[PDB]
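All chains are identified by letter, namely A, B, C, D, E, F, G and H, in their written order; residue positions are counted from 1 within each chain.
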């Protein structure tokens, strides 16, 4: 009942630019909509309400428009404070739905990832579990792909990754992929390598090591 | 809009005397005016309001009159508590202007100033700056003039003076004039002197010294 | 100032009940409507329900009826929300928010609490096992190599990682934790340093896991 | 009793904002209008504006609009005044004052706070340099000579001067401070003593500059 | 010991279920019951007009329309004097909600709404109707034609027409030459071949169609 | 809480912008809007009389002048009954402010002002006017001639003249043999050859000159 | 100001007698007699009869504004009754007595005059009574619930004739009453049909009671 | 806080006899009255004053309901106002009289009420009730009038076939006809017509019109 779908799911723009976010309604919602601005690990703050009216204390560059099924949130010229997640709320009817959320991130120059591979420590291997780590340090855009290869055999369902949020100083991300296998399975094979695919590279990079190389 | 100009700028009288202060309006202000009494380092206290009506608790000797452009404040017989600065406020229109302020000081016997000149200390001259001081101690009336002469050449724009408030015991003022020059400028010349002009003197007194005399 | 102070986090087993408080200050508590909203991590926000302190009338979301019940203590200016039977997917941050009045539709939330992270899981509290991510000459790109710590198998969140007791910050990247299939969390923290300084400079990551009261210092070579 | 308690003094750089509080006691805060007035030293007082706590209505002076904004907290019986963009000439003492009611014109202030001395300047906090003003046989008039201390180059106000840890007060004259062109203050403190007592008695001026936490004691000799 | 004079106060009191409520437009001495639509467009609607059954006849006199008539449960008219008391002390917004016999709904909103605003005596001014900026709903704009007109009945002819337009229209309204909206006409229940005498909204279903339901709602500014 | 019955109360409420305001002279049951001059001579003025546009005709009957007539925005007359309620329970000061068609202003003040003071019923006493000590402004003292005279209209002749001075003067006022001030006369807009039938203040611009603007103000003691 | 008589109990007065309450507002009071004794007290009485002296065959205006003496027989007035029932929820008790030294009564949980009516006049001051607790007498008033108040001035009854005229009184009549507590004071048995102070369920239509009073208390 | 009678004004702290504001209806609207705070301990609320003869008291039923005159000089407080006082408190009556021979007289009545305990004063005709009578200089005329509705040439309530209010040139709670006609025509002394002036029968008979007249009221 009254689903809310925001677009784009993720948007990247620089300071000073004109930016527009859209919230879509499944059913006719009338004039009434509101937008929020949620910083990381903070409570959302209300910006626009009833579609086009802004809260007191909100900068003038924030402005909203739309009616019926389609709505838009626009900012004349961005500022460093503006980068956050924006949410759209239902507002008209009393089931009260919310929008999917839109990531607004800063755009910098394309930079390739510095790739490092870390074998499992001897302490781990004693316990009975082995974890191989693949670090992609300081890289942009956020979109990147890591594929694990053991003896030149692709692996899936046994590797987990995490991506730090955009850095404050240089606005570059970082990715950490952990491949967790058991002691016995780790010892059966020899060569482990994480294959990095990224926009800044022509062909995928491969950082590798050998079991028992030390 | 609606300047307020008080007269006289400074008035001196003794206890028991009849005193009159005048507040002038640039434009017609109607019946409505109010007066204040500010003691030193205190908040102003309200005396008269709407031109002629006094606040509760104010002594009967305070009385106000006038209308239109000119107003007056009079006191039947002064008292020790009455000596302060009195301010006149606009009151009628909503720009709200205030009066220039009138000093009411005690009148004593005319006394001449004891003049002393202090060369620059060796500690100062090490830093690269020299300050010559001229003290006029315990003198009345407040009106006095100090002129700095270096090698019999009048000086201007490089001397600042300060006047202490009227003493409590003997009701005499004191003045300190500071002539600040650099080390090099101080050493080029030889004779330094401050010339005091005061009502109690026939001709101006001159206290002087020579560099390295004392 | 107008502030809403929520309760601290709670960890509950499935089927049990949790009770979240939210205390108001800076405004007359009886005048404004109070809303309850949950934000599942990286997901769409869900509106729980509403309660007015003066009247006590309530209006809940259809799917949460029978499970959630709202009360208010007028003397202490506190608002309560309690979910009776918990479910593994209910893991989310629960907020209390005030509906402003504004000569019309209103029904939008102008002041929020600051989150009560609620975790529901059958896992038991366990301390971490820290493992070094040693640098090597093969993981060296020019004059800078990378090293890190693997804080593996711990429950519940959060864990704090610092390098040389916080003296080293430039180049550090502590990644968000991942929930592995075993029900325990695992993260990694790395930092880039010059490969020349590996011989003289010592690198120690300090892991602190307050839920189990575990302070660990691990050196990397 | 009817009293208005203002906030302590503040020192601000140019272009910054200051927020002055003024708490009321002894009268129902919601009944009376509240005025704000500033007194530049030795100059004409300027009326800032007015605010009523109950309604919140405001009326500002034309020249201060856009810069000053007035607010009131009814729960704490406090009135606030905030000047957004500051200017070197705004250095003055800021008062909050209550308009009495009186079946007619009213618009006159019966009860005031007690001043919030606001200093605005681009200078940074600096300690004083104490220099002796030595007496001489040439500066001796009969049997009484004069000596002093020159407390030069310090920021911000105030500095306290005392002679022999306060044991000497008769004949002392500490002058009002002057703002020199460098943006730093400078004053001088003198005292008249018998020319005969110069040999036996020691004279020390004690300068204390709390803004920078500087205690200095300077001895003076001919 | 504190009284709600309108129904937006009742929203602030802590009550949101639409129903019969007591409000004190005159003063704490005597209340008058009304029905409030706390559901539509955020709620807080005070209803001064309801029609649906057709049972209650709205062809009443000037006195009945001044003092009010009907049941707050079903069809009723709040009373011109009461309406003047509300609009006199607060600024209000208008919404009218309509329904035909074909299961269709429509409405029209007006930003400002007042009865004889700033009139020292409503009787002398004839309880003039004023409506300003119009936001379109399902129906068109009929009331803007009526703004500035005194309220007319077969007792008191205030219209600009030589005839008694209230008499020709079988109702009461702020008539001009004659209405574009006669929401107090005779309940003819569907289409009618006679001219402009039923509950008619000209811009929505013309002058030859009599609505099924009708209600005129009011909310704070 | 108590209701503001005059406009000096409104000054204390916290409103100082001159405009339309509601005051409750009868009681909390029914308000009456009035225009207040919060600007002139410190403000707190309640205005029971306004004229400037010439649109509203003040040649009305005794009933309209008892209950009041007009718009608080533009020209109006508050109504003698309301005027009596104010002067009955508080002591009041009078100011009338006038302007001609030559860009000149004038006024006259009267320290005390009352309608039918110490009268068990204002109707029976004809709403006698009393004004005392007069402070001179631009205009002279015309109202002192009128003190002690009942209010007269072409409906009710109370004047001391054999003829109907209210009828001959094209207005309503506390007439004696006949007025020296007819601030409710016909808006003849400048000079006129007819005798003492326009808005006339005898002592300022004589009987053959009709003012442009006129308002009679009242403030607490 | 006490608007009802249960407030007067809180004011500090417990002796049953004449008291002033302000149902309209502080402007004008109206005196009533209060039965602070019966079933704990706090009863406001809008109806008293015993001497038979005051005639209750009066017009609609007398019954709107009220008529009689708060000491003895009186009728408080339909408008006043509406002001009470409009702003508070009330309980009904009627107390009856015949000429054989017998007492009886009937209680009704809810009682209201023209409830939720924007104007009582237009609604004819309809009578509403809900749940009934039985005392000595039967239930006659439930038959009357939902009926407008009728007089020989104003016929609101559902009968083609003027049932108010035939019954020698005023009441919320239907086809015709089962209770005519304002009928003519015929003082005992009477051969005329249903025209005296009659409670049908207790002593039938041919018996006129001796005493009658209708009491009201807060919720 | 509002004083509804004039014995409250005594408690407010005012004891100088003069015109004062009391709130018998409510705080909404006061009505001014003159109070005789001097005579017999004071606290008197005056609902009737006559002395000049200037004000004519041959008025209608409506003027006597709402009241008429000036609280300073001659006036009549109004039957409705009087009923509001007597309805909410128990009151004592005193009437003070004077002839043209420099003589004074009076009569006091312990209880005094207008239509006491009446749900509507209009319906009951604002009956006068007076109980135990304490004699002053003048006799007891009002005890004859107790229980009688107030009558005017507009509304004849008297027990006489004629209109005794019309024949008497005044208004009073008339029976067959008055023994006290304190609202009669101010004929100023003796008159050859019968029982039409300000007459107190028991003091100066039916052919003598008083000079001054005032009827005072105090709390129980």
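Just so it is clear, a contact is a pair of C-beta atoms (placed from the backbone, for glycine too) under 8 Å apart; a residue touches a chain by one contact, two chains touch by 3 or more.
Chains and their UniProt names: E, F, G, H = Microfibril-associated glycoprotein 4.
*Asks:* Report which of A-C and D-F is connected by more C-beta pairs in contact.
*Replies:* Top pair by contacting C-beta pairs is A-C.
*Asks:* Centre to centre, using CA atoms, which chain is the farthest one from chain D?
*Replies:* G
*Asks:* Can you give the whole-Å distance between the Cα centres of chain D and chain H?
*Replies:* Once rounded, the distance between the two centres reads 74 Å.
*Asks:* Cα centroid separation between chain A and chain E, in whole Å?
*Replies:* 54
*Asks:* Quick check: how many Å separate the C-alpha centres of chain A and chain F?
*Replies:* 74
*Asks:* Would you kindly tell me how far, in whole Å, the mean C-alpha position of chain H lies from that of chain A?
*Replies:* 94
*Asks:* Which residues belonging to chain E are in contact with no fewer than two other chains?
*Replies:* 27-29, 41-42
*Asks:* Note the residues in chain B that touch 2 or more other chains, in rising order.
*Replies:* Chain B, residues with two or more chain partners: 32, 92, 94.
*Asks:* At least two other chains touched by the same residue of chain D: list those residues.
*Replies:* Residues 59, 104-105, 107 of chain D each touch two or more of the other chains.
*Asks:* Going by the contact rule set out above, which residues of chain B touch chain F in the complex?
*Replies:* 30, 32, 92, 94
*Asks:* Provide the residue numbers of chain G that touch chain E in the complex, in ascending order.
*Replies:* Interface residues on chain G, with respect to chain E: 24-27, 83, 86-87, 116-119, 121-123.
*Asks:* Which of the residues in chain F end up touching chain B in this complex?
*Replies:* The contact residues of chain F facing chain B are 39, 41-42.
*Asks:* If we count contacts the way the header does, which residues on chain E are in touch with chain C in the complex?
*Replies:* Where chain E meets chain C, its residues are 8, 11-17, 41-42, 44, 93, 219-221.
*Asks:* Touching chain B in the complex: which residues of chain D?
*Replies:* Per the touch definition, chain D meets chain B at residues 42-47, 59, 61-62, 95, 97, 102, 104-105, 107-110, 112-115, 129, 131-139, 141, 144-146, 148, 150, 152, 173-178, 180, 186-188, 190, 192, 222.
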